[PDB]
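Chains as they are written, first to last, in the entry's author numbering: chain B, 739 to 968; chain A, 1 to 631. Single-structure report; data block below.
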Amino acid sequence: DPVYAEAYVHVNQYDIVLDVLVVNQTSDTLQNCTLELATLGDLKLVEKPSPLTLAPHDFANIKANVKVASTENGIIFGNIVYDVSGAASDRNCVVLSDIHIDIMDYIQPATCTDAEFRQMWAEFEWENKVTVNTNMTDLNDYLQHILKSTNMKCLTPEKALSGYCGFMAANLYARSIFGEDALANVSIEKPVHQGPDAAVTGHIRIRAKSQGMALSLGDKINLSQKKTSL
Amino acid sequence: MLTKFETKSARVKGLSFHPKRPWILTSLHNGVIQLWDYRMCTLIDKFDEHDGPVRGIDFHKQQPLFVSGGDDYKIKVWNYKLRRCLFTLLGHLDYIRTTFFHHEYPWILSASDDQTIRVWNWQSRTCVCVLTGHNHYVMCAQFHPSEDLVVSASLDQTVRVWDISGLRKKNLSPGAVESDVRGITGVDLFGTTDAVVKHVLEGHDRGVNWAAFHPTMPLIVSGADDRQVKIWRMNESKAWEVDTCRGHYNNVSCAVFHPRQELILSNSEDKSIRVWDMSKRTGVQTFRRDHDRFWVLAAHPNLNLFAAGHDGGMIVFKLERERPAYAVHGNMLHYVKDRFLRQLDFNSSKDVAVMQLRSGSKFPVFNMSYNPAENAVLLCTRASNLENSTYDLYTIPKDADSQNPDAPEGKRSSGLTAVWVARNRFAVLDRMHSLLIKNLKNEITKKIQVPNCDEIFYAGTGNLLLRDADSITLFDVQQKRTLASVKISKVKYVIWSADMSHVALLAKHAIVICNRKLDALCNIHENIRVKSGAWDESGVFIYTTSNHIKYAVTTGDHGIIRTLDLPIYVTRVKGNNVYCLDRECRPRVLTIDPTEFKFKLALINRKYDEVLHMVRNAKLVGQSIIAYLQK
């Protein structure tokens, strides 16, 4: 419509913030509908610019701050239905459920003593694993990339050698914003001429408390793993 | 195609589908009224209207509101949306089956299951109407053709049809010839629910479960409290119309008309839904899937969805011809529905299914292919698996039931499917229920060729050959030696830039962009298992992006031309008069506004004039500087 509203999300530092362009290229501060607040996850949405005019030929920035540490809603991965309403110069609108709400980001790296670790590794919520196998790179650059992407930790090296092969299994740990600790041992082949690694066939073993997020994390990482057309 | 969601529970007497929404509002005699605006597989609200049972559900007529009835006997209208009660009166000695909203002075009609129904003025306070002619326990109350003319179905073993007035019931008339309501060979009985000879129709059939009307018409389609659900037409009034609708085992609680479909859907109690015609009529088949107890069936007056209601519970199933056929003629898109009718180019208000002399999403398609001309199409109909079907090929100047065999933009013949194949002029035709090759220089083509008989894949589906080859395999008109196959894959269609030479590729999920033949230019993927993105010609990448519609890329450019309008998908590009699609609705004709093309060229020549001139000015939407304006 003249009124075209375009919007995307910007998550700028904790705060997932809503860029909205409602552009009302309308022929007037056309009447506007209705909007509703809610508890969200460890967030709650929390602002609406008050008016409801769709000012003529006019462009507007409508900001929604979201509250990023509260409102539990357990509708995982978000993907929760959201409403913009048809309630005034509007007969309809958008009701939307979100998608676009993923993990790789959330968790931060976190750390451990290795013996205890091992013991723990085994000990943890075993229940998820996903496989590493396939890419576009060596796990040097590739590993770094993945690491940065998820913002997460590989705890320690043994020099055995991530180079000549290595035939290295890398142990990774991370802790998030709402505090889950997640453990990995992924054991991986690694690039190098007619030696081995341009796939893996390494297994990524994922432990996160719910299997459902945990596996999903293994996936998420799987998405993360490579670089291709989303 | 899919039954999106399904748990059997609810013991359901009354039912309605949202003519506007894909809601189902459901009345249980659990005492429950529920609105679930069915779309997001979520109930908005749920009120068990009273301790006692709930029989009734009807529309207000507006957009999203319920008017509801319980054994309270009360007419409530509560808006889900506004979660509030509109004006309130209770009910007589039984529940409320139908309601209608009117407004000289915002004025109201209420239809009821007992005694009377009263029509009330809260403005310049006078009487529009009084209806007596009901007694107790109305199964299915109905607005007629004339909406404010009506029929009712009763557990008092009558049917009432009433005449209303603006000062209570009356009609003036004196011209007719005979009557079908009652006047020649056959006809069914009066019942008693009222006392005026409009027609009280006999609702005895151990009582009548449902009554359903024929808009301008007086044919009724019925649910009945007999195995016999007996069909009568009062727009005929046949003999062997003393039809008892028969299961195998007992009942026929209901059997119903679908507004659109010239059909009857029956449902019953041997664990069944039974399938019936009504276009040429006959018991097609019976289908069994539990619930030896039901009382409602429904097909949406939105027609979105279709569903059947039962005691033990309920099911909703969703239709699609997931992915479905096309042709291009100047600045116009042709579609064949997955679900949904035409939408075969241009638009005007909310959504418009393209109805034209190039009927696309309509016919019983096996395959549709442009026979290029801005004036021709080739079409197979009777679709399906047979020995062979018919193809009637039609002229854009005017299509037909079958166009002229005389005309070669009209020809029809027999043949099962017709299919493209690679190295572009050979074709497949099936004209046996298996491999005929069709090959012509012309693409006004209908050619028959058994040579190239080569099964080892028996009649099925592919289109550059891919009986799930997972390859597009190139050939001539017989050979028993491959020319070659390339490993790449299809939506099971290859996309040509208009006619028959598009190295722009479809893939079912993902689509790949090539220039002609395999040159993988870039490869597309998204992950929504639904929509589209469009090419103007060979590889012009349009992508749809929310309420924003975007050029993925040009020259070295990327751009937002114009912005979308709720979901749309780019299908592809018909000229400058732009065309867009969400799948088959939620549509555009569009004044353009390119972005980018101009731009990387423009840019490449430093040129701004344009942008500027447009005064086009974003850089953020989330961001928007990030094509290369960031870089």
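In this text, a Cβ means the ideal position worked out from N, Cα and C, and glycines have one as well.
Under the criterion of beta carbons closer than 8 Å, residue 497(A) and residue 538(A) qualify as touching, at roughly 4 Å.
Judged by beta-carbon spacing, residue 225(A) lies within the 7 Å limit of residue 207(A), meaning their Cβ atoms are closer than that value. Secondary structure of residue 855(B) (DSSP, three-state): helix. Look at residue 622(A): its C-beta is under 7 Å from a C-beta on chain B.
Contacts with chain B (Cβ-Cβ distance below 7 Å) from the region 547-560 of chain A involve 547, 548, listed in chain order. Residue 398(A) is classed as exposed because its beta carbon has fewer than 16 other beta carbons within 10 Å across all chains shown. Nearest Cα to residue 932(B) within the set 906(B), 875(B), 763(B), 902(B): 902(B). Closer than 7 Å to the CB of residue 744(B) there is at least one CB belonging to chain A. Taking 7 Å as the cut-off between beta carbons, the residues of the region 748-780 of chain B near chain A are 748, 757, 759, in sequence order. With the criterion set as a beta carbon lying under 9 Å from some beta carbon of chain B, the members of the region 521-541 of chain A are 522, 523, 524, 525, 526, 527, 528, in sequence order. Residue-level contact by beta carbon holds for residue 819(B) and chain A, with a gap shorter than 7 Å. Beta-bridge annotation (DSSP): residue 430(A) is paired with 435(A). Counting along the chain, the unbroken beta strand (DSSP E) around residue 201(A) starts and ends at 199-202.
Within chain B, the residues whose beta carbon sits less than 9 Å from that of residue 565(A) are 739, 742, listed in sequence order. In this structure, residue 906(B) sits away from residue 914(B), with a CB-CB distance that is not shorter than 7 Å. Per DSSP, reduced to three states, the secondary structure at residue 46(A) is strand. Going by beta carbons, residue 427(A) and residue 442(A) fall outside the 7 Å limit. For residue 40(A), the nearest CB of chain B lies under 7 Å from its own CB, placing it at the interface with that chain. Exclusion of the five residues before and after residue 165(A) leaves 129 as the residues of its chain whose Cβ lies within less than 7 Å of its Cβ.
At a Cβ-Cβ threshold of 7 Å, residue 366(A) and residue 389(A) count as neighbours.
Within a 10 Å sphere around the beta-carbon of residue 886(B) sit fewer than 16 other beta-carbons, which makes this residue exposed.
At a cut-off of 7 Å between beta-carbon atoms, residue 967(B) makes contact with chain A.
Sequence-distant Cβ neighbours of residue 403(A) in its own chain, meaning closer than 8 Å and more than five residues away, are 392, 393, 394, 395, 409, 410, 411, 412.
In this structure, 444(A) is the residue among 354(A), 277(A), 444(A) with its C-alpha nearest to the C-alpha of residue 369(A). Residue burial annotation: residue 234(A) is buried, with at least 16 other C-beta atoms found within 10 angstroms of its C-beta. Residue 5(A) sits exposed, since fewer than 16 C-beta atoms from the chains shown fall within 10 Å of its C-beta. Identification of chain A residues near residue 832(B) by a Cβ-Cβ cut-off of 7 Å yields 566, ordered along the chain. Taking C-beta atoms as the reference points, residue 591(A) and residue 559(A) fail to come closer than 7 Å. Close to chain A, meaning a Cβ-Cβ distance shorter than 9 Å, are the following residues of the region 834-847 of chain B: 835, 837. Shown here, residue 861(B) sits in a helix according to DSSP, grouped into three states. Residue range 949-963 is occupied by the alpha helix (DSSP H) that includes residue 951(B). Within the same chain, and ignoring the five residues on either side of residue 916(B) in sequence, the residues whose Cβ sits closer than 7 Å to its Cβ are 780.
Pairwise C-beta distances place the region 53-69 of chain A in contact with the region 90-100 of chain A, as three or more of them are shorter than 8 Å. Here the region 10-20 of chain A makes contact with the region 292-300 of chain A; the two share three or more CB pairs at distances below 8 Å. With a threshold of 16 other beta carbon atoms within 10 Å, residue 744(B) meets it and is buried. Contact between the region 161-176 of chain A and the region 237-249 of chain A is absent: fewer than three C-beta pairs spanning the two stretches fall below 8 Å.
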